[PDB]
Structures are given as structure tokens and as C-alpha cells.
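Heads up: the structure comes next, in C-alpha cells.
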Amino acid sequence: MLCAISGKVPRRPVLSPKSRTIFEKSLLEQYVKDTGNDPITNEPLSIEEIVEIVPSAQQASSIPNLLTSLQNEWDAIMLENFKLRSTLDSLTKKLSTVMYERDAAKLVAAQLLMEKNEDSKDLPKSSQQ
Amino acid sequence: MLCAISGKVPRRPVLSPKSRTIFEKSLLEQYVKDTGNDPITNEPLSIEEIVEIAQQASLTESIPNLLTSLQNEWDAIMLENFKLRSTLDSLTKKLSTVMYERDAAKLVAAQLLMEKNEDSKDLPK
Amino acid sequence: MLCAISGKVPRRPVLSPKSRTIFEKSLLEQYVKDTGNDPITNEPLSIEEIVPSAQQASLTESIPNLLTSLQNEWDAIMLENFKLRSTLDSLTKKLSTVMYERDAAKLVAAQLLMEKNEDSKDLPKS
Amino acid sequence: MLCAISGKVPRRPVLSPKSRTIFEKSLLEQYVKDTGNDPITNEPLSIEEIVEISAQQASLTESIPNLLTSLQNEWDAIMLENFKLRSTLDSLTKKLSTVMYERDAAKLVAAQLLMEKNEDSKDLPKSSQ
Amino acid sequence: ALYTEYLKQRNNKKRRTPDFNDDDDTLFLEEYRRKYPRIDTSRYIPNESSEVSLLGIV
């Protein structure tokens, strides 16, 4: 809702058909009469090249934004599901590495206990005699 | 503000150079793919001819209700499209009834001119 | 599904990160070894430049695909309205000129019905 | 062939040049605006840094249902999955605590048995004397 | 709340049933059925035109 020469709210928004940028009819016309050019791109432009006045014709002045809103909320749904899944699988790695290493460390005890036991009867039967 | 095809506020508007008219990129492309023309002026235009040229987000209000809104809005647009088409058929239909009377009347004038012509001959005698 | 250089079904697809296009590794590798470039855009590309995670996907079928469907519905129906807005502006324009020619002619029917009867009223009396 | 955020099959895939991973444009464009970095590698990434790279779904023969039955199922399936996924994340953290506690419980056994065994072996070496 | 309660929000169960000689309300409901049935019959035409080619390509 702004002209691209002065910066005012344009009451007659006309556009140049070389670089897409909505100017105001007064300012663009003064730029063309100064030098036949587009102010933004410095390309060739004339007064007849400009498309002036509002466009509403066979159109009539809701619905489409509801679908846009439905997209915007889904966009969050996906973003949330990602971060929830990352932590899901990243914790499963800790779970898996632990359970494996737990039962691995558990076998240390089974071995250790039977050797400790062997030391007892050995020494006991020796110290006896 | 309004694309002159659908009636939406365009989210990627494009202007035709044969006729000064800002359309929406999606809708103008479909028309050109159907027939290489401009929808308003019927001038020979192509897709490369188009020059790609406010966004304010709708904050409905304070989700199960939004389901039924979208249902109602599609339900309404379906009838707002229907009502506008039966009116087109009946305005063309009532137009055709006028054309018959228009051409029927100008045949009835020919007989009335003969009765005037017959009268002008008798008056002179 | 296809390789853009050969046109075959690539058995080892590797996507480049300068011109986004799925090339066959064995084909594109030779293209890079010839000259360090991407075949399509002719931008620089090396072999290391050529290349989901934990979220499981399902195939693209009839939420996002459903939302883009409803765009097609409305965007097509919007053009359906133009066919009836444009055709209405021709019928009403022909009706306006038709009713004007009817209104301009019926004044002349009213005068001839007066004049032909007045000529019969005049002549019969004499 | 899929997107690396939502788990989609993208309609306009775009690849980032810092980490070779294909995302759907909307979802990667959202992440960069939220926090300007690559979601996977956590490396600096912008919207201009992205590089853009057809899919067919056969709309069912019985395609009313799109408004009523299909859309209903989509928001059911989104709702009951993430709720069930939140249930899965909660148990992984609880089962984490049972893993680490049982692990540390085993560490103490080993430490206790390491003092036990070698001293039992030492006593056999001393017995000879 | 929907997932916890185990209840999906009800949609428009209206278009399917309706009734003849109704009122101004069913005049709308009737006119709804026509436009959607024409959209339906047009939506089945562009599917059958391609037919099985569009399916087997996917």
C-alpha cells in the first residue's frame, strides 16, 4: 500500500510493464517526462507503457484464506512431530545402549561370583589340612 | 486489490501487457493453456508476455467449529455459483422472447403501411 | 526415476547441490572427472558436492495432498464464474439495445395505428 | 524421495548446500524464519542458500467425501497418532530411569566384587607361606 | 482433547439424506445436491479420460 518513488499511499496505483513495481500516477509521469525511463531498473519506459487506474471489472468486490489458515496450522503440526520424533529415537539410542551394556555388565558378575566362590572352597579345604 | 477472474486477493499477481489487468498467476496460466488469449480483451497473449507484479493475515478469532465453518462456506459458495447461472439462462431466455416480438412487430408495420398506402390513394380520388 | 544425462533408470541416484537434478552416480562421476562441472547449468561441482532421518513417511496419496486438491476445486470453479460473468455482460448488452429498439419502435406502431385509422376515419366520412 | 522434516513426499523439494538433505520448500522456509539454521546439522543456513530441485496420486473413484469422510479421517489420524507418540516419549524417559539405576546398581556389585575376588586370590598366595 | 476423550468432531451429515416437498431450507439443500452432483459427474469424467494410465504411472 505504498508508492516506490515518494513512499506515499497511492490513490491511483499505476505500474510499469518492464519492472513489476506499483508507483503513483503523478510521480512516475514526472519521471517519464524528465527522462523516458523506469526509475527502479533504468530500462526503456513511456507514458503509454504504464497501466493506470484500478482493475475491478467483471469481478465483484470468506473461503480462500480458510484453506490458507488450514495450511498454516498444519505447518506447525509437522514441525512439532519432527522434534517429538527426534527425541523419541535419540532416547531409544540411550535405552538400547544401556540395556545391552547392562546385561553385558551383568555377565561380569556371573563370572566374578563363580571365581570368588572357587577361592573359598580352595582356601577352606587347604586351611583345614 | 482484486484479481479480475476469481475475485480473490492475489498472492502472486501478474499483469497482462495487451490489456492493463492484474490477474492471479494460477488462473491466467490455465486460461492461456486453454486458448492463447486475454480473458477481458480477447487479444493474442502468451505466458512469457506476463510481468510478475498489502498481505494482511486473517485472525478468525479464539477448531472443531472451524471444520463446520469451512463446510458452511463451501455450502454457500456452491449455491452462490448456482444462483448466478440459472439467472444467466433466464436472462438469455427472456432476451430471446424480445427478439421474436421485435421481428414480429416489424412485420405488422408492413401491413399497417399498406393500409396507409391504400388510404392515400382513396383520398386522392 | 530417470537420469537426465543418459535417460535410463539410474541404479545409484545421486543428487547434485548446484543444479538440483537426479543423476546416476557412475554417469555423473565421469562427467565430473572430465571437467569439474554440473552437466545441466555448467556451474562448478565436485564429487564430494554430489550426495530422511528418523521420522517415518508414507506414500503421497489422495493432509497436504488433500489441501492442494481443494485449491484445484476452487481455482477451477472461479474460472467457471468468469464464463457466466462474461456471457452475462454480452446478453445484458444485447438486451439493453434490444429493449431500446423495442421502445423506439413501439412509438411508431402507435402512430401508424393512429394514422391508418385516421385515414379510414377521414376517407369514409367524405 | 521423502522430506526430512514432516515425513512427506515433496511436491517442490529443495536441497540445502551445507548439509545435503532434501526438504519440502514450505517446511524448510518455515524453519529458517523461526531460527536461521539447518534443522539436521545445526549449521548456518538462509532462504537464498537453498537450491530448488512430478508426483502422481490417483484420486479415488468415489471422490462430499473429500469434505466429510476424508478430511475427518486426516484430523483423526493426526490427533490419535501424536497423542500416542506423546505416550511413547513418556515411557522412554521412565524406562531410561530404570535402565540407568539398574546399571549403577551393577557398577556397585562389580566394585564390591573386585575387592572381594583379588583379596581371596591374595589369601591363597599368602596361604602357601 | 480429541485424542484423550476419544471423540472426533461431527461433520455435516446433511447432504446425503434431505427430503422432497420440504421448505425454503430444503430448497437450499436440494440446490446443493445438484451442483455437487454436476461437479461429481465432471470429477468422474477427467478421471476416466486418463483412466488406468494415471494410476499405473503412480
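Looking only at residues of segment A:60-90 that are in a loop (DSSP other than H, G, I, E, B) and among the hydroxyl-bearing types (S, T, Y), we find that the one that is farthest from the chain's Cα centre (by Cα) is A:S61. Just to be sure I understand, how many residues within segment D:16-25 are assigned to a loop (DSSP other than H, G, I, E, B) and either of a type in the set (F, W, Y) or within 17 Å of the chain's Cα centre (by Cα) (or both)? Total meeting the criteria: 1. Among the residues of segment B:26-43, is there at least one that is away from chain C (no Cβ under 11 Å), under 23 Å from A:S62 (Cα atoms) and not in a loop (DSSP other than H, G, I, E, B)? For segment B:26-43, residues away from chain C (no Cβ under 11 Å), under 23 Å from A:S62 (Cα atoms) and not in a loop (DSSP other than H, G, I, E, B): absent. Confirm whether E:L7 is of a type outside the set (S, T, N, Q), more than 19 Å from the chain's Cα centre (by Cα), assigned to a loop (DSSP other than H, G, I, E, B) and more than 27 Å from B:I77 (Cα to Cα). Yes; evaluated as a whole, the condition is true for this residue. Under the condition of being surrounded by 14 or more Cβ atoms within 10 Å (Cβ to Cβ) and in contact with a helix residue (DSSP H, G or I) (Cβ under 8 Å, 6 or more places away or on another chain), which residue from segment E:19-38 is nearest to D:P65 (Cα to Cα)? Ranking the candidates gives E:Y36 first.
Looking at this structure, is A:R11 facing chain B (nearest Cβ under 8 Å) and either assigned to a helix (DSSP H, G or I) or charged (D, E, K, R) (or both)? So A:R11 does not fit the description; no. Cβ separations smaller than 8 Å between residues 6+ apart or across chains give the following pairs from segment C:1-14 residues that are surrounded by fewer than 15 Cβ atoms within 10 Å (Cβ to Cβ) to residues that are hydroxyl-bearing (S, T, Y): C:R12/C:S26. In this structure, does B:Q56 turn out to be in a loop (DSSP other than H, G, I, E, B) and either within 20 Å of A:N65 (Cβ to Cβ) or within 8 Å of another protein chain (Cβ to nearest Cβ) (or both)? So B:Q56 passes the test.
Against the conditions (1) surrounded by fewer than 13 Cβ atoms within 10 Å (Cβ to Cβ); (2) within 30 Å of A:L67 (Cα to Cα); (3) within 8 Å of chain C (Cβ to nearest Cβ), B:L88 satisfies every one except (1).
Taken as a whole, the condition of being exposed (fewer than 10 other Cβ atoms within 10 Å of the Cβ), at the interface with chain D (Cβ under 8 Å from one of its Cβ atoms), under 22 Å from D:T61 (Cβ atoms) and charged (D, E, K, R) applies to E:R16.
Here's a check for you: in segment D:70-85, which residue that is more than 7 Å from every other protein chain (Cβ to nearest Cβ) and not aliphatic (A, V, I, L, M) is farthest from E:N11 (Cα to Cα)? So, considering only residues that are more than 7 Å from every other protein chain (Cβ to nearest Cβ) and not aliphatic (A, V, I, L, M), the one farthest from E:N11 (Cα to Cα) is D:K84.
Here Cβ is always computed from backbone atoms with ideal geometry, including for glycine, and neighbour counts include all displayed protein chains. Values in this text are rule-based calculations from the coordinates and carry no lab data.
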